[PDB]
Amino acid sequence: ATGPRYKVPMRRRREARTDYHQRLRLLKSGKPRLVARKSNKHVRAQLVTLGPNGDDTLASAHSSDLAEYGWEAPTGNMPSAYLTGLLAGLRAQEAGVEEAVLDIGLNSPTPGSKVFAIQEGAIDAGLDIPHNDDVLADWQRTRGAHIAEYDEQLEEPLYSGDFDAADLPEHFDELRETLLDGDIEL
Amino acid sequence: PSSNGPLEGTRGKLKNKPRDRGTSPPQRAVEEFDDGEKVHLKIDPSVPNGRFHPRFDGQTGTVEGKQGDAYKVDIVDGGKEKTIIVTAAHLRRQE
Amino acid sequence: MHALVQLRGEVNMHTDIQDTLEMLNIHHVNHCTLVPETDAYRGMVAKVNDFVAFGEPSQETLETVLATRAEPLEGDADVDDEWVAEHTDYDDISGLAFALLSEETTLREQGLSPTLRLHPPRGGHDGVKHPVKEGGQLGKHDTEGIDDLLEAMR
Amino acid sequence: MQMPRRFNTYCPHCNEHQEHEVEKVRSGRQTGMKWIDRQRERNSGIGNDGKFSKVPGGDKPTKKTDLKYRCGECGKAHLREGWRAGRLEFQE
Amino acid sequence: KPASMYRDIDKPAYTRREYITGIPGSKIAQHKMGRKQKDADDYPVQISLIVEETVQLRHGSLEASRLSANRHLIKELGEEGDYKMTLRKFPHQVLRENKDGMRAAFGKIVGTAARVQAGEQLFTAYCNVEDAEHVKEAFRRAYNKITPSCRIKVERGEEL
RNA sequence: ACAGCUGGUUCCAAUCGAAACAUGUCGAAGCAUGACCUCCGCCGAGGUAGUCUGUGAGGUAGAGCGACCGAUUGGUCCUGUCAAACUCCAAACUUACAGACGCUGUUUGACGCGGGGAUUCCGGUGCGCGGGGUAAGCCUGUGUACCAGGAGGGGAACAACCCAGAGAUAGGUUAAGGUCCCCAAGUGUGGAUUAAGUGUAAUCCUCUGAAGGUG
RNA sequence: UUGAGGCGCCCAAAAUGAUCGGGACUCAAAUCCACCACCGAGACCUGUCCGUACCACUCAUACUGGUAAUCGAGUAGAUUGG
RNA sequence: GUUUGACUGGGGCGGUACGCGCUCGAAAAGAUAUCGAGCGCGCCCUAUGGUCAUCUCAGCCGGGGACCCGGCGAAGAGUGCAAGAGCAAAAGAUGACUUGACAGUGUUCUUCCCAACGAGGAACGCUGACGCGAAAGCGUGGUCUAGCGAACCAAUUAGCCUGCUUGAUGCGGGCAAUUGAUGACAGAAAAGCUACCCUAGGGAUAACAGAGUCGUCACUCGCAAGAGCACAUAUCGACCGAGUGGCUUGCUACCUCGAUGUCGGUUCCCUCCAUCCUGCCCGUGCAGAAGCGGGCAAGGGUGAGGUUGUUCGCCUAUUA
RNA sequence: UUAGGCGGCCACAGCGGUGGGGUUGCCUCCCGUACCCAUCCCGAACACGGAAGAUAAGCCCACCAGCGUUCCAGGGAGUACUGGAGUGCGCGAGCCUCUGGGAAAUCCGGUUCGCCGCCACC
Ligand SMILES: COC(=O)C[C@](O)(CCCC(C)(C)O)C(=O)O[C@@H]1C(OC)=C[C@]23CCCN2CCc2cc4c(cc2[C@H]13)OCO4
Ligand SMILES: [Cl-]
Ligand SMILES: [Cl-]
Ligand SMILES: [Cl-]
Ligand SMILES: [Cl-]
Ligand SMILES: [Cl-]
Ligand SMILES: [Cl-]
Ligand SMILES: [K+]
Ligand SMILES: [Mg+2]
Ligand SMILES: [Mg+2]
Ligand SMILES: [Mg+2]
Ligand SMILES: [Mg+2]
Ligand SMILES: [Mg+2]
Ligand SMILES: [Mg+2]
Ligand SMILES: [Mg+2]
Ligand SMILES: [Mg+2]
Ligand SMILES: [Mg+2]
Ligand SMILES: [Mg+2]
Ligand SMILES: [Mg+2]
Ligand SMILES: [Mg+2]
Ligand SMILES: [Mg+2]
Ligand SMILES: [Mg+2]
Ligand SMILES: [Mg+2]
Ligand SMILES: [Mg+2]
Ligand SMILES: [Mg+2]
Ligand SMILES: [Mg+2]
Ligand SMILES: [Mg+2]
Ligand SMILES: [Mg+2]
Ligand SMILES: [Mg+2]
Ligand SMILES: [Mg+2]
Ligand SMILES: [Mg+2]
Ligand code: NA
Ligand code: NA
Ligand code: NA
Ligand code: NA
Ligand code: NA
Ligand code: NA
Ligand code: NA
Ligand code: NA
Ligand code: NA
Ligand code: NA
Ligand code: NA
Ligand code: NA
Ligand code: NA
Ligand code: NA
Ligand code: NA
Ligand code: NA
Ligand code: NA
Ligand code: NA
Ligand code: NA
Ligand code: NA
Ligand code: NA
Ligand SMILES: [Sr+2]
Ligand SMILES: [Sr+2]
Ligand SMILES: [Sr+2]
Ligand SMILES: [Sr+2]
Ligand SMILES: [Sr+2]
Ligand SMILES: [Sr+2]
Ligand SMILES: [Sr+2]
Ligand SMILES: [Sr+2]
Ligand SMILES: [Sr+2]
Ligand SMILES: [Sr+2]
Ligand SMILES: [Sr+2]
Ligand SMILES: [Sr+2]
Ligand SMILES: [Sr+2]
Ligand SMILES: [Sr+2]
Ligand SMILES: [Sr+2]
Ligand SMILES: [Sr+2]
Ligand SMILES: [Sr+2]
Ligand SMILES: [Sr+2]
Ligand SMILES: [Sr+2]
Ligand SMILES: [Sr+2]
Ligand SMILES: [Sr+2]
Ligand SMILES: [Sr+2]
Ligand SMILES: [Sr+2]
Ligand SMILES: [Sr+2]
């Protein structure tokens, strides 16, 4: 930029998208990465392996393709995150992927967060991912009990679009039930 | 030489060109080589660990197994056969 | 195809240069070899440029030289048309000389010594201290120039 | 340098990590009954005594750490490789 | 000391002042002579003193040749005359002298010299057409005080 | 008596043929261990002194520095210089591995392995590149070829400059160098310059000749 | 009037007797540009012989035949026949 | 009775290029010397080690050299200490936790390029036990290259082996390893004089002389500032530049150490010219006389004395 | 790829600049603190929950070369330097011829305002 001696960072560092130091420590395992990414409205979960010309995604799952199985609820929450991970993990089992290591990217390792839910989901699907049980959320928050007990403090409705009134976290149960069944079209 | 240390007379070879400064890309640090493969030996100035003796910079050895994550590469120094312990970060595949 | 002739001796000559001459089957002064024009062979004559005399010979000159100085791989025997007829893949000296110039075969491949052991230059050469462009006898020659040398070394 | 009197480290006897106590190796008194003491008496006569006529040599500018690492539970000690330290003071 | 001890480029480039101490000051008082406010392109005639052999010229020789050249220009054209002379070479090469026999022979620092290659301009004077023969004489006096033979070459001037 | 110091150590021939260097040493006038020379046995198909191409390593020459760094001019942007311990650049070249050609090896067994015997660890010179020194037939490196341990031819003589590496004997043709006599070969040819005996002197401790000047 | 080139001149002083090896040489026996013919090694080519290595035959390392353009110098030293 | 080292442009004195590290020398792979150039290490640190979380520095600008807010800012900050090198969501800073600065045993490279050699060092593994982290992972001390030590003996750590017919006790011998030093740093326990000297050798090495060199010395030349009342060039002549000689001095270590007799003097012979006189000349700040300066020129001459061993030099009277 | 995720090469991708683009879609800014979690002080950030609004940022698309960068043409330059050779020149430092290689600065003109991979997706 200023002259010949100027050192311009790597493209994905310039864009503030990849933590290259964490990436090396992640790639050292030899196991595929469980790329857990978020958005304001959605949640993504990819199973990435290393390739000659760049990264190879073997099995992905976005929270948008969750509705394809019967999700009439919002897509940027805790129940959505688990189910997106479970969907990614099941597609991975069909691809031959047996083990993975959790990549959270530039997200924070905050206890009980959405990226750990994506992890809990993928493990429940049959994948062997190095985890820590007490860093994951309590089973009820993963169900969406925190959102139901927030709708108890009503007066004004939480959801704008008509789904329901007092909220149904029983839909999570009705979705985990559908995905655990082997007859499903992945 | 005035001193006989390992990093003697290595101002040139163990220094980077200003544009190649900073942390090196992870891809070549995790590269997998097979036994029998011919590899070029060149220390990456930005990577501290897994280096060999600077006297061997420029050698083209043959991978003959591994010790942990590092590789055991066979070279011929003059007329003497030597086995070098080196990580992928300092290795490049021939051709 | 070029014709190399050693004109300068081994004493004080660089070892890597002397070794190239030995690889080109030329071990003594006045010894000649028929070398093909390839990338590998071009590097070799360029290294020997200062201790040699080279150039493409004419069909006529090569024929004269092969008649008088060619020898079998082993033995005294004269390499005349009858010899060429009985041992080579050619009919006469002309057929051999044509194949060599067109780089179809080699003297060794045809059972002949790769070396043509020539006689000293009659009337003498132009000198071993200067190249052709300076009035000497070293380096690359013209087809007419190498012919005069090889014919003088019958 | 400063050294902690008590700290958690490996015990080669217990085969697990325990809280060790660090102590400086106090010189044990000589008996004067070993082979070398008997040789000093035997090989000493008229004139020079060879090796027994030599006087103790100098000192290195800085000595290494001569320490004992005593285990907190099993009560057994182990020795380690020392390091050059001009002074070694303990914390608590 | 004679120039025979320092005139040739036979030693490495020894200029690095961060490793060399006690270097004597340059005897060269001026580098820009005459009218240093006026431009070089404001003059029709440009004559240079060209060194014929590759040499090392000491600061004492540079001052002697510059002084004997500029003093002639001050004599003939006046102290504030219409000319401007330039000494383009600077004394960068630090010189030693071994002044104990050949033991610990690395000499102490005694001076400085200017490395001038063959064909280079040591001096360059810019004058008018009528002052051209006075400057060729200033350079005739200047070449007698340096080591090599010299050329007095006219660069801009077809006025003869 | 002992000496790491000086001297001497007696017959012929055939094959190969060094080292004057590295590490350690009360070691530097000596040893030991390597390098290198030689001899024997083993192994059994490759080898790599040269070149070309491919895949790599490099910051010396040069160059340049509003590319770092530090030197280093002047003027009211312009203008003047530099670097063994500077580099935005950057050779020639040296170098790893591989393929190809070449050469070499499979009865002359190469490459390699094991063992016996050494000698050697005062070196020198030319050329290229050096570092120190005013310099040296100086001191100290490095690559290379040679003397040492290399005849014969040339160079007036002359270890290392030129030709040349050499079994005996014989005929022939050249090499370096030379062809007026001494002295084998031209008082050769075409042309020009020089009047100083310049010159008749490749290289060189050895052959000087400079700045400056010359109708 | 000015520029460039060639050869020469001045600059140029040392000790027993001057020197290009000497004689001596001047449209050269100097110098430069070309050219012609020669002389001149143990090199190179060639006849015969010797040694050494290897090949064939052989008990042979005795004969005989063959191969060496790719064998033939050598101090210290190793090896071997006399 | 012995010791009192080695290196070294002879030796001594000085120094240590006597063990280590960095840049350059080093000739763009590796290797590479000198009493080569620049300069360091013989520690320091319980955090100044380890991990994790959080975070980004010099410097500058703008708003209220402490502090606060914003902007520019790939790195010039910081990282214990030479130098060179490495590092920015870190290898730096802050904070918190922690003791892997852990035990055991190896592979490999280095030390010692090639190419054998110890201690030491490093990289990279495994077994055991741990720390931190969500986890991958990181931690075999400090980002990398200096901070180091044999055998014998002692002390120390844990278990075990063993001591002469046998049992008990005492006290010993040993397997593994830690600490204690040899810096002349691959480890002797160690001062000098000799002119009273002695031996072995060396021109492998100094003093005299020869030889090379020529900085020094002597002499010359180029340029000619300057002054010489005016006048560079009658005369004097700086700076700078170019040289010749081989009388001085210095340097080198080629020749001689199974000896080439050292200074000064004397006596006798030859020579050189850069000429002091004598011959012939040119200039003059040449009236003359006497001079000053210069040119050719080596035929001849250049002498006697006082101090001092003196060469050199000072002094006297004579002298062309 | 009508705006996404993970990347490789790591400036040809930088710096600076112009234009265009989003009703149940995407990315965002955005709205908001009961919770998981968070600030040595601040729901700023981190975390969590959510869609009233928006395309102004970012981002994606098209484009500009003034600076920096990459490569190419022509000029500089077969110059500088250089491996091999020479009874070629020079008092000498040094140069030259033949042979094999061959720059750098700078100037002018072009190029470059990223390329490619995997996945997902009117
Ligand atoms: C120190 O001076 C001396 O020792 C003189 C002498 O001893 C004289 C010896 C005379 C004999 C005995 C040989 O007749 C000697 O041997 O000299 C050597 C000597 O004796 C033969 C001759 C030497 C060797 C080189 C020539 N030089 C000449 C005389 C000499 C003079 C010296 C000198 C050395 C020489 C040597 O030192 C300075 O004074
Ligand atoms: Cl994300
Ligand atoms: Cl290594
Ligand atoms: Cl202690
Ligand atoms: Cl030979
Ligand atoms: Cl004459
Ligand atoms: Cl016999
Ligand atoms: K003597
Ligand atoms: Mg270097
Ligand atoms: Mg034959
Ligand atoms: Mg003839
Ligand atoms: Mg001739
Ligand atoms: Mg004999
Ligand atoms: Mg015999
Ligand atoms: Mg340079
Ligand atoms: Mg000898
Ligand atoms: Mg005759
Ligand atoms: Mg003459
Ligand atoms: Mg000594
Ligand atoms: Mg090197
Ligand atoms: Mg002892
Ligand atoms: Mg103790
Ligand atoms: Mg030692
Ligand atoms: Mg040592
Ligand atoms: Mg004696
Ligand atoms: Mg001597
Ligand atoms: Mg006598
Ligand atoms: Mg005279
Ligand atoms: Mg006389
Ligand atoms: Mg817009
Ligand atoms: Mg000459
Ligand atoms: Na890098
Ligand atoms: Na006894
Ligand atoms: Na001294
Ligand atoms: Na003795
Ligand atoms: Na020695
Ligand atoms: Na000795
Ligand atoms: Na081959
Ligand atoms: Na050069
Ligand atoms: Na030696
Ligand atoms: Na030889
Ligand atoms: Na002779
Ligand atoms: Na003459
Ligand atoms: Na012999
Ligand atoms: Na001693
Ligand atoms: Na070791
Ligand atoms: Na002298
Ligand atoms: Na002289
Ligand atoms: Na006398
Ligand atoms: Na006279
Ligand atoms: Na007297
Ligand atoms: Na927008
Ligand atoms: Sr006794
Ligand atoms: Sr006693
Ligand atoms: Sr001490
Ligand atoms: Sr020099
Ligand atoms: Sr001059
Ligand atoms: Sr080199
Ligand atoms: Sr004639
Ligand atoms: Sr003529
Ligand atoms: Sr002489
Ligand atoms: Sr002249
Ligand atoms: Sr022989
Ligand atoms: Sr022989
Ligand atoms: Sr001395
Ligand atoms: Sr480290
Ligand atoms: Sr004393
Ligand atoms: Sr006395
Ligand atoms: Sr005279
Ligand atoms: Sr007179
Ligand atoms: Sr005297
Ligand atoms: Sr006196
Ligand atoms: Sr908010
Ligand atoms: Sr000469
Ligand atoms: Sr000269
Ligand atoms: Sr070309």
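Looks like X-ray crystallography, 2.7 Å, at least that's what the header says.
In case you wondered, yes, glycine gets a Cβ from its N, Cα and C as well.
Among the features that Swiss-Prot reports, Zn(2+) binding site is placed at D:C11, D:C14, D:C71, D:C74. In sequence order, D:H17, D:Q18, D:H20, D:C71, D:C74, D:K76, D:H78 make up the list of same-chain residues 6 or more apart from D:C11 (Zn(2+) binding site) whose Cβ falls under 8 Å from its Cβ.
Feature annotation from Swiss-Prot assigns zinc finger to D:11-74. The helix, strand and coil residue counts that DSSP assigns across the zinc finger (D:11-74) are 12 helix, 16 strand, 36 coil.
If one looks beyond the region 'Disordered' (D:22-63) by at least 6 residues along the same chain, the residues whose Cβ comes under 8 Å of a Cβ in the stretch are 3-7, 69-70, 84-86, 88, 90. Sequence annotations record features per position, and here Swiss-Prot assigns region 'Disordered' to D:22-63.
The Cβ of D:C71 (Zn(2+) binding site) has 19 other Cβ atoms within 10 Å, all protein chains considered. For the Zn(2+) site, the Cβ centre of D:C11, D:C14, D:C71, D:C74 serves as reference, and the other residues of the chain with Cβ at most 8 Å from it are D:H13, D:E16, D:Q18, D:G72, D:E73, D:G75, D:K76.
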